[PDB]
Amino acid sequence: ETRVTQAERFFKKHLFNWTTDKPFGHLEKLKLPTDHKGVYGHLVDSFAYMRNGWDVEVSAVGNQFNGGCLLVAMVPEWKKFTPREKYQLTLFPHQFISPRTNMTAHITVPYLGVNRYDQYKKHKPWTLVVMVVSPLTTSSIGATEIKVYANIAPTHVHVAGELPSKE
Amino acid sequence: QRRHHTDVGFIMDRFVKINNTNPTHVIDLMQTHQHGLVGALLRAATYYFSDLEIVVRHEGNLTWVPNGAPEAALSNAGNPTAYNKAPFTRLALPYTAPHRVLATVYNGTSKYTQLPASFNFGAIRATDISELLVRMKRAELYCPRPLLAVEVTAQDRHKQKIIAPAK
Amino acid sequence: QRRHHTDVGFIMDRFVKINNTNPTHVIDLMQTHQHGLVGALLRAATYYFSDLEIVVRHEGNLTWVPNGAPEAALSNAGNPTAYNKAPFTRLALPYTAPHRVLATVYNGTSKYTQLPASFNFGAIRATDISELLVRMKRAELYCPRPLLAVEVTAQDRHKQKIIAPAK
Amino acid sequence: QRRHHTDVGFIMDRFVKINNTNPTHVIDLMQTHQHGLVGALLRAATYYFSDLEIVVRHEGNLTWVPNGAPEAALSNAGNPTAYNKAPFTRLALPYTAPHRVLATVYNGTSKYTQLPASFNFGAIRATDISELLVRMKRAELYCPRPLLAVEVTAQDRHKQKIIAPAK
Amino acid sequence: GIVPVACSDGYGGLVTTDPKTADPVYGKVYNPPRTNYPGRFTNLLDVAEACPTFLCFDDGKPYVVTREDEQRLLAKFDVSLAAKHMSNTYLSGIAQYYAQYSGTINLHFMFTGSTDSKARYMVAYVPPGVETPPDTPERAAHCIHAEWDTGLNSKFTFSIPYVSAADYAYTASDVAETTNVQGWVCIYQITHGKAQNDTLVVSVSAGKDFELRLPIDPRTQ
Amino acid sequence: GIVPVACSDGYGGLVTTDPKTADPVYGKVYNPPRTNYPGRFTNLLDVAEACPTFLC
Amino acid sequence: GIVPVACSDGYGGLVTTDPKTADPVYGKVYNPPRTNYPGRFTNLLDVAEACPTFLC
């Protein structure tokens, strides 16, 4: 196996539009890896076995005159949650996003799974999870809406078994 | 404080009944009842490793083929065959899965909601099997997951009858 | 003199029948006969500490839930379930009451002639129980209370006949 | 790598059924099934040496005369005779053949397709024998021979159904 | 001769939790190494401590919103592992399989209001004494209580002390024993500025000295 | 081989005062401490000596 | 007295691969020596290594 250094780079992403009509528990997910149009996509489609973690950064653009709270977490082996266990998503590595105190989250996770190497065209171990803890509240002097962004990058990518071209 | 009774190695080292039993049974720890002690604390982790002691009450001889063995290998006595004693048989099966650790939730599939078929401890066959108990030894759990308590509809709390010696 | 037979850890270390047995029994040391050896020497102390060993003659599997567990926890095998052997079942139970020591006389009540419902060693359940014996291990007794001998109506002394080898 | 499971002293140390059993049976290891695990690995050697342990299910007394004893010597109790217990009889037999090692193929004959008659561990006699198991202890092999796998007629591969916990 | 043994009566039966092992049937099986596998927890209370989880207030929301009424009681809830407000808690999930507990329970509060809105709060614990919690914001100052103001640090931790009669307490609130079982915690809004829909999220974790004692399987199967 | 044992006749019955312990069912339970609890007596004759009582 | 034992339930059965030995019936049998016998192999993967075989 070999480690690649050109595939560890950031990739901006749009998660969702944080509005005021979305109540608590509005859950938005983004399984990783997503459709990478850069070197990582060629790595996925031109190598079979790979292992890597993920460093996710999450920012919501707004102002201090708005209220609300966003829980960002990285769920291993994602599964759909009924509203009952949405109260327990703090168990996984997580941070909070609330316009009053912070502006940007930062979560780093290792590679983990049943197999020492994974084929992400089939299995997606880690998953980005963002939810509204408290609804976005605005006034005549506050922003009516907030757009949040994804900031992700594969870390410590290790690969074996190079694949032939398709041309 | 003395926090020994919440130990993961201590709380899982008890026998738990497996409800669905057949003449040919593939020992899967996911078949335990989801609301049991061991069943729920197993669901409360994503990955687990454990040995397994089985107490089986059967008629005729019992054959245990390890993981990956073909289904037709259950009809031969070369695989460890237990000649039935009076009450039941008590064996110690090892960890025979190819993966380093098993899993309780899988995000996706494994072929080029349903865990992969490689998540098992082997198979057991006899003329019939009436009851089967599985005991997890030197267990270890990874990546904690939500664990839910019973819900309350309209009362102040959960109102349960505790045992009392009242005459 | 040699007072090894009047020791409080020696005289209480013997099996004693509990006359009242039910399909679902809550083990209470106050259910022993008041005039027995251990029964009376237990009523002759205000607070008592002891472990317990029980000999139970039952039909079917015997489940033992510790003190404070709900009554509905007796229908599950996760709690210690003993499968019935031929003569009977001889177990050793721990002390599971929250209080530091138990009591034989309670001056008052415990809810915001009847001891608190928390004064017990757990519960046992089967299809039925024919006999139940309890043995106190490493018993300790506190605060001695009056111990009464048998009264004599009109004769000078209590005349009881001793076993005699007379032919 | 941990090559303990292909040890010749480990793989050959298990009980293997001998199909052809008669009231007077001569213990020949060549009577094992050719496609069995122990049977095939024994065919995959030219010479071998072994002690033996036999599990015999019989009615009446079982007598064992060593190799070289007359057939009419099986009717006397001076030779080791086992009085039948309830389930079966499990003995330990030594190596009794005159030759230094046995063989699985012979090139020629031995009298001034059929191995020499001296290639046996002795004989056993009882009123009847229902099952006979033999076990090689401290087994050794010599001069490896061709070992075959199942053939493929027209498929790409051999398709054998592996055990699956699928519900 | 040989050793004489006494086949004791009553011993040898199968107990689903005996401390004895079984006879191996497949020896010398070496499993793939799992050294330094990420995310291993060996105690349920370590994960209970490390990860506080949200409460469930009225209507099913994890935050208490400011009220524009004469009532200065923002909210109140039972302090026990089997209450409504702890029904969606991981600590309640662990405790439902145990008979007795003992130790401190921490509460973590988070302010999620706008910066241009300021408010003052007070939290109070009432042990099983008085027949009714001190609803008035002044009567509650005589209990064990703490106060914290809002600012850059919107996170505040409050520990509920363990006060009861017995050394351990039941985690399985009885059918009998009506009225306040042991305790309530009430949240007071001392003041508020331009806070009509500003919220406050409450989360609860196991304390440093929390401890659960007797495993059981009390759920219906 | 294994250990050969002689299942003796007349032994193994339950005697309500035999000195042998039973097999534990619920292990590793630590009870609340009861150190220096007031008024503990280990011998009935110690309290017989300690406190005289009246005649009738 | 004698040592008490507990006849455990579920043990004692015969599994065709148990690691315990049986009682000898014919003692002091000394086999012909087989020192330095040619072509002894103690692991199947060893002869798999040293002897490549053709494909089909």
# chains A, B, ... in the order shown; residues from 1 in each chain; ligands from 1

$ residues_around --residues "residue 99 of chain C" --least-positions-apart "2" --cutoff "10 Å" --atoms "only C-alpha atoms" --output "PyMOL selection string"
(chain C and resi 95-97+101-103+118-119) or (chain E and resi 165-169) or (chain F and resi 31-34)

$ write_last_selection --atoms "N, CA and C atoms" --output "short mmCIF file (atom, residue, chain, number, x, y, z; two decimals), in the first residue's frame"
data_model
loop_
_atom_site.label_atom_id
_atom_site.label_comp_id
_atom_site.auth_asym_id
_atom_site.auth_seq_id
_atom_site.Cartn_x
_atom_site.Cartn_y
_atom_site.Cartn_z
N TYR C 95 -26.18 -9.68 49.25
CA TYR C 95 -27.02 -8.67 49.87
C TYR C 95 -27.24 -7.52 48.90
N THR C 96 -28.50 -7.24 48.58
CA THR C 96 -28.84 -6.27 47.56
C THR C 96 -29.70 -5.12 48.06
N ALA C 97 -30.00 -5.06 49.35
CA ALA C 97 -30.79 -3.96 49.87
C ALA C 97 -29.96 -2.68 49.91
N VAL C 101 -27.63 -1.73 56.74
CA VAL C 101 -28.04 -2.93 57.47
C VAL C 101 -29.56 -2.98 57.49
N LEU C 102 -30.11 -4.19 57.62
CA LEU C 102 -31.55 -4.34 57.70
C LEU C 102 -32.01 -4.22 59.15
N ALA C 103 -33.32 -4.37 59.37
CA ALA C 103 -33.91 -4.21 60.69
C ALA C 103 -35.07 -5.18 60.83
N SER C 118 -38.69 -2.29 51.36
CA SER C 118 -37.32 -2.41 50.90
C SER C 118 -36.51 -3.42 51.70
N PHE C 119 -37.09 -3.99 52.77
CA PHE C 119 -36.39 -4.97 53.60
C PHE C 119 -36.60 -6.36 53.00
N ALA E 165 -32.31 8.96 51.70
CA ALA E 165 -32.10 8.24 52.95
C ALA E 165 -31.07 7.14 52.78
N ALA E 166 -31.35 6.17 51.92
CA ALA E 166 -30.49 5.02 51.75
C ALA E 166 -29.21 5.40 51.00
N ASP E 167 -28.20 4.54 51.12
CA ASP E 167 -26.94 4.77 50.41
C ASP E 167 -27.13 4.67 48.90
N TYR E 168 -28.04 3.81 48.45
CA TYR E 168 -28.39 3.69 47.04
C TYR E 168 -29.88 3.93 46.89
N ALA E 169 -30.28 4.40 45.71
CA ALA E 169 -31.66 4.73 45.43
C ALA E 169 -32.13 3.99 44.20
N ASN F 31 -21.21 -4.23 49.06
CA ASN F 31 -22.27 -3.71 49.90
C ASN F 31 -21.86 -2.37 50.50
N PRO F 32 -22.83 -1.54 50.89
CA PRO F 32 -22.49 -0.29 51.58
C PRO F 32 -21.71 -0.58 52.85
N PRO F 33 -20.71 0.24 53.17
CA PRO F 33 -19.90 -0.02 54.37
C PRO F 33 -20.74 0.11 55.63
N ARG F 34 -20.41 -0.70 56.64
CA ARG F 34 -21.07 -0.62 57.93
C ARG F 34 -20.02 -0.53 59.04
#

$ select_by_dssp --residues "segment 28-153 of chain A" --states "strand (DSSP E)" --output "PyMOL selection string"
chain A and resi 28-31+47-61+67-76+94-97+104-109+126-137+146-152

$ calpha_fit_rmsd --fixed "chain C" --moving "chain B"
0.2 Å

$ interface_residues --of "chain E" --to "chain B" --cutoff "8 Å" --atoms "only C-alpha atoms" --output "count of residues only"
53

$ interface_residues --of "chain E" --to "chain A" --cutoff "10 Å" --atoms "only C-alpha atoms" --output "PDB file with N, CA, C and O atoms, in the first residue's frame"
ATOM      1  N   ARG E  34      -6.797  -6.360  16.385  1.00  0.00           N
ATOM      2  CA  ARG E  34      -7.633  -5.170  16.461  1.00  0.00           C
ATOM      3  C   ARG E  34      -6.976  -4.155  17.388  1.00  0.00           C
ATOM      4  O   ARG E  34      -7.645  -3.517  18.207  1.00  0.00           O
ATOM      5  N   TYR E  37      -7.881   0.094  17.627  1.00  0.00           N
ATOM      6  CA  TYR E  37      -9.120   0.336  16.901  1.00  0.00           C
ATOM      7  C   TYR E  37      -9.797   1.573  17.478  1.00  0.00           C
ATOM      8  O   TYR E  37      -9.898   1.697  18.703  1.00  0.00           O
ATOM      9  N   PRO E  38     -10.244   2.514  16.648  1.00  0.00           N
ATOM     10  CA  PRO E  38     -10.817   3.756  17.180  1.00  0.00           C
ATOM     11  C   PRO E  38     -12.113   3.527  17.944  1.00  0.00           C
ATOM     12  O   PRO E  38     -12.946   2.700  17.572  1.00  0.00           O
ATOM     13  N   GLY E  39     -12.275   4.289  19.025  1.00  0.00           N
ATOM     14  CA  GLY E  39     -13.543   4.402  19.721  1.00  0.00           C
ATOM     15  C   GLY E  39     -13.956   3.227  20.582  1.00  0.00           C
ATOM     16  O   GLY E  39     -15.063   2.711  20.428  1.00  0.00           O
ATOM     17  N   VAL E  47     -18.840   6.505  28.943  1.00  0.00           N
ATOM     18  CA  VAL E  47     -19.533   7.129  27.823  1.00  0.00           C
ATOM     19  C   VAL E  47     -20.718   7.956  28.313  1.00  0.00           C
ATOM     20  O   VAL E  47     -21.064   8.974  27.700  1.00  0.00           O
ATOM     21  N   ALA E  48     -21.353   7.559  29.420  1.00  0.00           N
ATOM     22  CA  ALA E  48     -22.402   8.399  29.996  1.00  0.00           C
ATOM     23  C   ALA E  48     -21.850   9.744  30.457  1.00  0.00           C
ATOM     24  O   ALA E  48     -22.468  10.789  30.226  1.00  0.00           O
ATOM     25  N   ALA E  50     -18.921  11.244  29.458  1.00  0.00           N
ATOM     26  CA  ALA E  50     -18.278  12.029  28.412  1.00  0.00           C
ATOM     27  C   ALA E  50     -19.271  12.745  27.509  1.00  0.00           C
ATOM     28  O   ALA E  50     -18.928  13.789  26.945  1.00  0.00           O
ATOM     29  N   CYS E  51     -20.487  12.227  27.361  1.00  0.00           N
ATOM     30  CA  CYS E  51     -21.422  12.707  26.346  1.00  0.00           C
ATOM     31  C   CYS E  51     -22.753  13.097  26.972  1.00  0.00           C
ATOM     32  O   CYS E  51     -23.676  12.275  27.063  1.00  0.00           O
ATOM     33  N   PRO E  52     -22.891  14.345  27.413  1.00  0.00           N
ATOM     34  CA  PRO E  52     -24.204  14.827  27.855  1.00  0.00           C
ATOM     35  C   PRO E  52     -25.207  14.823  26.712  1.00  0.00           C
ATOM     36  O   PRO E  52     -24.869  15.073  25.554  1.00  0.00           O
ATOM     37  N   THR E  53     -26.459  14.535  27.058  1.00  0.00           N
ATOM     38  CA  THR E  53     -27.533  14.413  26.083  1.00  0.00           C
ATOM     39  C   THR E  53     -28.706  15.292  26.496  1.00  0.00           C
ATOM     40  O   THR E  53     -28.861  15.645  27.667  1.00  0.00           O
ATOM     41  N   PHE E  54     -29.538  15.634  25.519  1.00  0.00           N
ATOM     42  CA  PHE E  54     -30.581  16.627  25.724  1.00  0.00           C
ATOM     43  C   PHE E  54     -31.747  16.061  26.528  1.00  0.00           C
ATOM     44  O   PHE E  54     -31.976  14.851  26.586  1.00  0.00           O
ATOM     45  N   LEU E  55     -32.488  16.970  27.155  1.00  0.00           N
ATOM     46  CA  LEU E  55     -33.731  16.659  27.839  1.00  0.00           C
ATOM     47  C   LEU E  55     -34.901  16.843  26.878  1.00  0.00           C
ATOM     48  O   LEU E  55     -34.744  17.322  25.754  1.00  0.00           O
ATOM     49  N   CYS E  56     -36.089  16.453  27.333  1.00  0.00           N
ATOM     50  CA  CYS E  56     -37.306  16.560  26.528  1.00  0.00           C
ATOM     51  C   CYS E  56     -38.337  17.356  27.321  1.00  0.00           C
ATOM     52  O   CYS E  56     -38.963  16.828  28.245  1.00  0.00           O
ATOM     53  N   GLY E  60     -42.244  18.302  23.398  1.00  0.00           N
ATOM     54  CA  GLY E  60     -41.174  17.490  22.852  1.00  0.00           C
ATOM     55  C   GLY E  60     -40.062  18.287  22.202  1.00  0.00           C
ATOM     56  O   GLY E  60     -39.715  18.048  21.042  1.00  0.00           O
ATOM     57  N   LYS E  61     -39.496  19.238  22.936  1.00  0.00           N
ATOM     58  CA  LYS E  61     -38.401  20.058  22.448  1.00  0.00           C
ATOM     59  C   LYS E  61     -37.325  20.154  23.519  1.00  0.00           C
ATOM     60  O   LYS E  61     -37.636  20.211  24.711  1.00  0.00           O
ATOM     61  N   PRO E  62     -36.053  20.177  23.126  1.00  0.00           N
ATOM     62  CA  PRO E  62     -34.959  20.159  24.105  1.00  0.00           C
ATOM     63  C   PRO E  62     -34.582  21.517  24.676  1.00  0.00           C
ATOM     64  O   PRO E  62     -33.526  21.622  25.307  1.00  0.00           O
ATOM     65  N   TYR E  63     -35.397  22.548  24.474  1.00  0.00           N
ATOM     66  CA  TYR E  63     -35.085  23.877  24.969  1.00  0.00           C
ATOM     67  C   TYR E  63     -36.314  24.472  25.637  1.00  0.00           C
ATOM     68  O   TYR E  63     -37.454  24.143  25.299  1.00  0.00           O
ATOM     69  N   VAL E  64     -36.067  25.361  26.594  1.00  0.00           N
ATOM     70  CA  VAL E  64     -37.116  26.101  27.283  1.00  0.00           C
ATOM     71  C   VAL E  64     -37.086  27.539  26.784  1.00  0.00           C
ATOM     72  O   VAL E  64     -36.056  28.218  26.872  1.00  0.00           O
ATOM     73  N   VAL E  65     -38.209  27.996  26.242  1.00  0.00           N
ATOM     74  CA  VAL E  65     -38.310  29.331  25.669  1.00  0.00           C
ATOM     75  C   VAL E  65     -38.811  30.289  26.739  1.00  0.00           C
ATOM     76  O   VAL E  65     -39.519  29.898  27.676  1.00  0.00           O
ATOM     77  N   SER E  87     -36.639  11.101  29.636  1.00  0.00           N
ATOM     78  CA  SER E  87     -37.061   9.896  28.930  1.00  0.00           C
ATOM     79  C   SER E  87     -36.269   9.671  27.649  1.00  0.00           C
ATOM     80  O   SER E  87     -36.213   8.541  27.149  1.00  0.00           O
ATOM     81  N   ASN E  88     -35.660  10.719  27.100  1.00  0.00           N
ATOM     82  CA  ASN E  88     -34.854  10.622  25.883  1.00  0.00           C
ATOM     83  C   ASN E  88     -33.374  10.820  26.173  1.00  0.00           C
ATOM     84  O   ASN E  88     -32.657  11.457  25.398  1.00  0.00           O
ATOM     85  N   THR E  89     -32.895  10.284  27.289  1.00  0.00           N
ATOM     86  CA  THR E  89     -31.532  10.490  27.751  1.00  0.00           C
ATOM     87  C   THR E  89     -30.768   9.173  27.736  1.00  0.00           C
ATOM     88  O   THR E  89     -31.322   8.120  28.064  1.00  0.00           O
ATOM     89  N   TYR E  90     -29.493   9.240  27.345  1.00  0.00           N
ATOM     90  CA  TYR E  90     -28.653   8.047  27.355  1.00  0.00           C
ATOM     91  C   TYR E  90     -28.444   7.522  28.766  1.00  0.00           C
ATOM     92  O   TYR E  90     -28.386   6.303  28.969  1.00  0.00           O
ATOM     93  N   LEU E  91     -28.318   8.416  29.747  1.00  0.00           N
ATOM     94  CA  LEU E  91     -28.176   7.971  31.128  1.00  0.00           C
ATOM     95  C   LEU E  91     -29.417   7.228  31.596  1.00  0.00           C
ATOM     96  O   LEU E  91     -29.316   6.223  32.305  1.00  0.00           O
ATOM     97  N   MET E 110     -27.225  25.526  27.840  1.00  0.00           N
ATOM     98  CA  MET E 110     -26.656  26.274  26.730  1.00  0.00           C
ATOM     99  C   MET E 110     -27.623  27.367  26.309  1.00  0.00           C
ATOM    100  O   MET E 110     -28.814  27.109  26.113  1.00  0.00           O
ATOM    101  N   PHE E 111     -27.107  28.585  26.176  1.00  0.00           N
ATOM    102  CA  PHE E 111     -27.889  29.695  25.653  1.00  0.00           C
ATOM    103  C   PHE E 111     -27.710  29.782  24.144  1.00  0.00           C
ATOM    104  O   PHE E 111     -26.581  29.788  23.644  1.00  0.00           O
ATOM    105  N   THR E 112     -28.827  29.851  23.424  1.00  0.00           N
ATOM    106  CA  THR E 112     -28.824  29.928  21.970  1.00  0.00           C
ATOM    107  C   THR E 112     -29.564  31.166  21.476  1.00  0.00           C
ATOM    108  O   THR E 112     -30.009  31.216  20.329  1.00  0.00           O
ATOM    109  N   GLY E 113     -29.703  32.173  22.334  1.00  0.00           N
ATOM    110  CA  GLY E 113     -30.373  33.399  21.973  1.00  0.00           C
ATOM    111  C   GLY E 113     -29.463  34.340  21.209  1.00  0.00           C
ATOM    112  O   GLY E 113     -28.269  34.099  21.062  1.00  0.00           O
ATOM    113  N   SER E 114     -30.050  35.424  20.712  1.00  0.00           N
ATOM    114  CA  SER E 114     -29.267  36.428  20.015  1.00  0.00           C
ATOM    115  C   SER E 114     -28.390  37.194  21.002  1.00  0.00           C
ATOM    116  O   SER E 114     -28.698  37.312  22.190  1.00  0.00           O
ATOM    117  N   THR E 115     -27.270  37.712  20.491  1.00  0.00           N
ATOM    118  CA  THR E 115     -26.353  38.463  21.341  1.00  0.00           C
ATOM    119  C   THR E 115     -26.998  39.748  21.851  1.00  0.00           C
ATOM    120  O   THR E 115     -26.820  40.118  23.016  1.00  0.00           O
ATOM    121  N   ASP E 116     -27.771  40.429  21.005  1.00  0.00           N
ATOM    122  CA  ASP E 116     -28.420  41.677  21.391  1.00  0.00           C
ATOM    123  C   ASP E 116     -29.525  41.478  22.424  1.00  0.00           C
ATOM    124  O   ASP E 116     -30.199  42.450  22.781  1.00  0.00           O
ATOM    125  N   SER E 117     -29.728  40.252  22.901  1.00  0.00           N
ATOM    126  CA  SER E 117     -30.673  39.968  23.974  1.00  0.00           C
ATOM    127  C   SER E 117     -29.897  39.406  25.153  1.00  0.00           C
ATOM    128  O   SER E 117     -29.137  38.445  24.999  1.00  0.00           O
ATOM    129  N   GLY E 151     -23.471  35.802  28.274  1.00  0.00           N
ATOM    130  CA  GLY E 151     -22.413  36.582  27.665  1.00  0.00           C
ATOM    131  C   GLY E 151     -21.682  35.798  26.595  1.00  0.00           C
ATOM    132  O   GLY E 151     -22.304  35.056  25.832  1.00  0.00           O
ATOM    133  N   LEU E 152     -20.359  35.954  26.525  1.00  0.00           N
ATOM    134  CA  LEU E 152     -19.588  35.175  25.561  1.00  0.00           C
ATOM    135  C   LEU E 152     -19.637  33.688  25.896  1.00  0.00           C
ATOM    136  O   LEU E 152     -19.722  32.844  24.996  1.00  0.00           O
ATOM    137  N   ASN E 153     -19.590  33.350  27.184  1.00  0.00           N
ATOM    138  CA  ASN E 153     -19.660  31.962  27.639  1.00  0.00           C
ATOM    139  C   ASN E 153     -21.121  31.616  27.898  1.00  0.00           C
ATOM    140  O   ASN E 153     -21.676  31.953  28.946  1.00  0.00           O
ATOM    141  N   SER E 154     -21.746  30.934  26.941  1.00  0.00           N
ATOM    142  CA  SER E 154     -23.153  30.569  27.032  1.00  0.00           C
ATOM    143  C   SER E 154     -23.373  29.190  27.640  1.00  0.00           C
ATOM    144  O   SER E 154     -24.516  28.723  27.677  1.00  0.00           O
ATOM    145  N   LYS E 155     -22.320  28.531  28.109  1.00  0.00           N
ATOM    146  CA  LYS E 155     -22.411  27.192  28.668  1.00  0.00           C
ATOM    147  C   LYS E 155     -22.226  27.249  30.178  1.00  0.00           C
ATOM    148  O   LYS E 155     -21.269  27.852  30.672  1.00  0.00           O
ATOM    149  N   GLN E 196     -38.210  37.428  23.289  1.00  0.00           N
ATOM    150  CA  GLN E 196     -39.556  36.883  23.149  1.00  0.00           C
ATOM    151  C   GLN E 196     -39.549  35.432  22.681  1.00  0.00           C
ATOM    152  O   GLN E 196     -40.414  34.648  23.086  1.00  0.00           O
ATOM    153  N   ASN E 197     -38.591  35.055  21.832  1.00  0.00           N
ATOM    154  CA  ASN E 197     -38.489  33.687  21.340  1.00  0.00           C
ATOM    155  C   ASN E 197     -37.079  33.125  21.489  1.00  0.00           C
ATOM    156  O   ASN E 197     -36.721  32.165  20.799  1.00  0.00           O
ATOM    157  N   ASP E 198     -36.271  33.704  22.373  1.00  0.00           N
ATOM    158  CA  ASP E 198     -34.941  33.180  22.640  1.00  0.00           C
ATOM    159  C   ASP E 198     -35.033  31.951  23.535  1.00  0.00           C
ATOM    160  O   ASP E 198     -35.851  31.896  24.458  1.00  0.00           O
ATOM    161  N   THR E 199     -34.187  30.963  23.258  1.00  0.00           N
ATOM    162  CA  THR E 199     -34.298  29.642  23.858  1.00  0.00           C
ATOM    163  C   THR E 199     -33.096  29.328  24.741  1.00  0.00           C
ATOM    164  O   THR E 199     -32.093  30.047  24.761  1.00  0.00           O
ATOM    165  N   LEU E 200     -33.217  28.221  25.474  1.00  0.00           N
ATOM    166  CA  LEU E 200     -32.177  27.747  26.381  1.00  0.00           C
ATOM    167  C   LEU E 200     -32.226  26.227  26.403  1.00  0.00           C
ATOM    168  O   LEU E 200     -33.233  25.650  26.821  1.00  0.00           O
ATOM    169  N   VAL E 201     -31.145  25.584  25.963  1.00  0.00           N
ATOM    170  CA  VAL E 201     -31.097  24.135  25.790  1.00  0.00           C
ATOM    171  C   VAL E 201     -30.447  23.505  27.014  1.00  0.00           C
ATOM    172  O   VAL E 201     -29.398  23.971  27.480  1.00  0.00           O
ATOM    173  N   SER E 203     -29.034  19.957  28.895  1.00  0.00           N
ATOM    174  CA  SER E 203     -28.517  18.613  28.698  1.00  0.00           C
ATOM    175  C   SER E 203     -28.000  18.068  30.022  1.00  0.00           C
ATOM    176  O   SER E 203     -27.518  18.819  30.874  1.00  0.00           O
TER     177      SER E 203
END

$ closest_residue --among "D:129, D:77, D:164, D:65" --to "residue 115 of chain B" --atoms "only C-alpha atoms"
D:164
